[PDB]
Amino acid sequence: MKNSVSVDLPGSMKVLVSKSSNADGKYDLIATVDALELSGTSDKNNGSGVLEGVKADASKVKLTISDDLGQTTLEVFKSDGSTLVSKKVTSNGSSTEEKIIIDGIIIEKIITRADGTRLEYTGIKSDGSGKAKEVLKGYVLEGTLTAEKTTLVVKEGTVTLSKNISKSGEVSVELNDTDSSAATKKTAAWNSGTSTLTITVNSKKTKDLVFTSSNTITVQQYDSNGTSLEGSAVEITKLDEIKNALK
């Protein structure tokens with residue numbers, strides 16, 4: 001663009017904005033997304049506004065850049081401009097969220113966190129349920145989605161550990177053991193204040209599992225008396241290490 005200042009956006013993206021406005025006070029915008037040129041005009045001078053383009057197969061594409069530049073939304077529609085096919089919304093430290101939708105129902109949603117970890121929701125039905133995978137540093141957790149919550153499950157012996165993630169993204173964790181023996185049965189107390197699950201066996205505390213803000217799990221053992229934590233917390237790097245903690 002004759003004019004053009006290049007403006008960096010969330011998502012490696014860039015937009016060219018005219019240096020000056022036209023007679024009507026508007027600014028010209030152009031962007032190449034993938035290999036598709038999008039153009040638009042805006043009453044702001046910073047790169048924000050709406051850009052539009054059309055695929056070779058008639059699909060309608062729409063890039064919306066928020067007024068403060070902290071968020072882009074990229075949508076691809078059917079040729080009608082109204083039936084939404086896919087939508088990717090990128091914001092700060094750079095989460096992405098991508099969705100795919102037929103027929104007006106959201107059938108798939110992927111969320112990439114700023115640390116690279118992912119929640120992947122597949123097979124999503126109109127009642128809001130589907131399959132859930134959480135892609136973490138070293139391993140993957142699997143479970144299910146409902147309208148109320150995501151539940152990721154790990155089983156070891158007679159123990160089931162459930163990591164629940166609310167709509168707000170708040171994590172809570174449950175453990176149940178169908179063991180019939182007071183000698184070996186695991187029980188656990190969740191402290192939402194510390195994001196920590198304390199496992200007890202036969203009235204003694206045995207381990208703390210901390211579910212961190214970095215989307216990791218650490219494990220730390222209590223002394224043989226159940227009195228105090230010893231050593232240092234150790235980051236869990238594989239699913240088998242979670243299972244070891246549930247033995």
Side-chain angles (χ1 to χ4, degrees), residues 89 91-97 109-121 124 127-179 182 184-247:
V89 185
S91 0
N92 72 269
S94 211
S95 20
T96 324
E97 170 196 291
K109 194 211 316 162
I110 308 306
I111 291 165
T112 305
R113 307 201 186 96
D115 68 2
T117 64
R118 289 186 269 150
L119 287 173
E120 301 188 352
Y121 296 116
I124 302 179
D127 76 340
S129 69
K131 286 260 171 61
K133 170 174 290 205
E134 196 175 20
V135 183
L136 300 168
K137 182 178 179 94
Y139 57 101
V140 174
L141 302 174
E142 307 179 11
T144 60
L145 176 77
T146 78
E148 300 167 351
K149 61 171 170 49
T150 298
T151 297
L152 301 161
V153 176
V154 173
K155 290 178 164 171
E156 168 64 32
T158 55
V159 183
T160 302
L161 180 73
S162 300
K163 170 187 170 184
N164 295 306
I165 297 170
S166 68
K167 294 148 56 196
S168 338
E170 298 175 25
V171 172
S172 59
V173 177
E174 294 169 306
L175 180 154
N176 191 54
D177 189 355
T178 58
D179 197 333
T184 49
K185 177 195 181 59
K186 284 63 139 181
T187 56
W190 177 251
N191 184 358
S192 37
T194 56
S195 307
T196 305
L197 192 74
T198 305
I199 305 174
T200 292
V201 186
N202 188 24
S203 285
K204 288 170 168 131
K205 296 184 286 196
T206 53
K207 329 184 160 73
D208 275 9
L209 285 184
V210 186
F211 294 72
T212 80
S213 62
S214 308
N215 305 118
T216 62
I217 303 178
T218 67
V219 56
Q220 204 178 357
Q221 323 291 324
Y222 282 84
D223 65 53
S224 55
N225 287 326
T227 307
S228 172
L229 289 174
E230 56 180 33
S232 290
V234 173
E235 186 180 293
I236 296 281
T237 71
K238 52 189 202 181
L239 178 65
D240 278 356
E241 288 172 347
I242 303 180
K243 290 180 169 242
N244 294 173
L246 297 181
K247 279 178 202 179

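One is the number of the first residue; the rest follow in order along the sequence. In what follows, every heavy atom counts, from backbone to side chain, and hydrogens, waters and symmetry copies are set aside.
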| said: Under the rule for side-chain hydrogen bond (donor to acceptor under 3.5 Å, both in side chains), what residues qualify as partners of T196, not counting sequence neighbours? | reply: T194

| With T150, which residues qualify under side-chain hydrogen bond (donor to acceptor under 3.5 Å, both in side chains), at least two apart? |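 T150 satisfies side-chain hydrogen bond (donor to acceptor under 3.5 Å, both in side chains) with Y121 once adjacent residues are dropped.
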
| query | Can you list every pair that meets side chain to side chain donor-acceptor pair (under 3.5 Å) and has a residue in residues 235-247, with sequence neighbours left out? | reply |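 Residue pairs passing side chain to side chain donor-acceptor pair (under 3.5 Å), neighbours aside: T237-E241.
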
| query | Got a sec, which pairs hit side chain to side chain donor-acceptor pair (under 3.5 Å) with one end in residues 162-174, sequence neighbours left out? | reply | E134-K163, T151-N164, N164-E174, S166-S168

For [X] and [Y], which heavy atoms make the closest approach, and how far apart are they?
| X | Y | answer |
| --- | --- | --- |
| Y139 | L239 | CB-N, 3.8 Å |
| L209 | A245 | CD2-CB, 4.1 Å |
| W190 | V171 | CZ2-O, 3.6 Å |

side-chain contact (heavy atoms from CB on, under 4.5 Å) with [X]: which residues, sequence neighbours excluded?
| X | result |
| --- | --- |
| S203 | none |
| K131 | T122 |
| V159 | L175, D177, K186, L246 |
| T187 | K185, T200 |

Rounded at 0.5 Å granularity, tell me how far [atom1] in [X] sits from [atom2] in [Y].
| X | Y | atom1 | atom2 | result |
| --- | --- | --- | --- | --- |
| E120 | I110 | CD | CD1 | 4.5 Å |
| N191 | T198 | CG | OG1 | 7.5 Å |
| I124 | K109 | CD1 | NZ | 6.0 Å |

| Would a 4.5 Å heavy-atom cut-off, applied to side chains only, mark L136 and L141 as touching? |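 Result yes, sub-4.5 Å side-chain heavy-atom pair found.
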
| query | Can you find a heavy atom in the side chain of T184 that is under 4.5 Å from one in the side chain of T158? | reply |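 Result no, sub-4.5 Å side-chain heavy-atom pair not found.
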
Using distance only, find each side-chain donor-acceptor pair of residues 219-231 under 3.5 Å and give its atom names and separation, not counting sequence neighbours.
residue	atom	partner	partner atom	Å
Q220	NE2	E230	O	3.0
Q220	NE2	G231	O	3.2
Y222	OH	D208	OD1	2.6
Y222	OH	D208	OD2	3.3
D223	OD1	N225	N	2.8
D223	OD1	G226	N	3.0
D223	OD1	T227	N	3.0
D223	OD2	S228	N	3.0

| said: For residues 135-159, which residue pairs pass the salt bridge (charged side-chain N to carboxylate O under 4.0 Å, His left out) check, not counting sequence neighbours? | reply: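 Sorted result for residues 135-159: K133-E142.
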
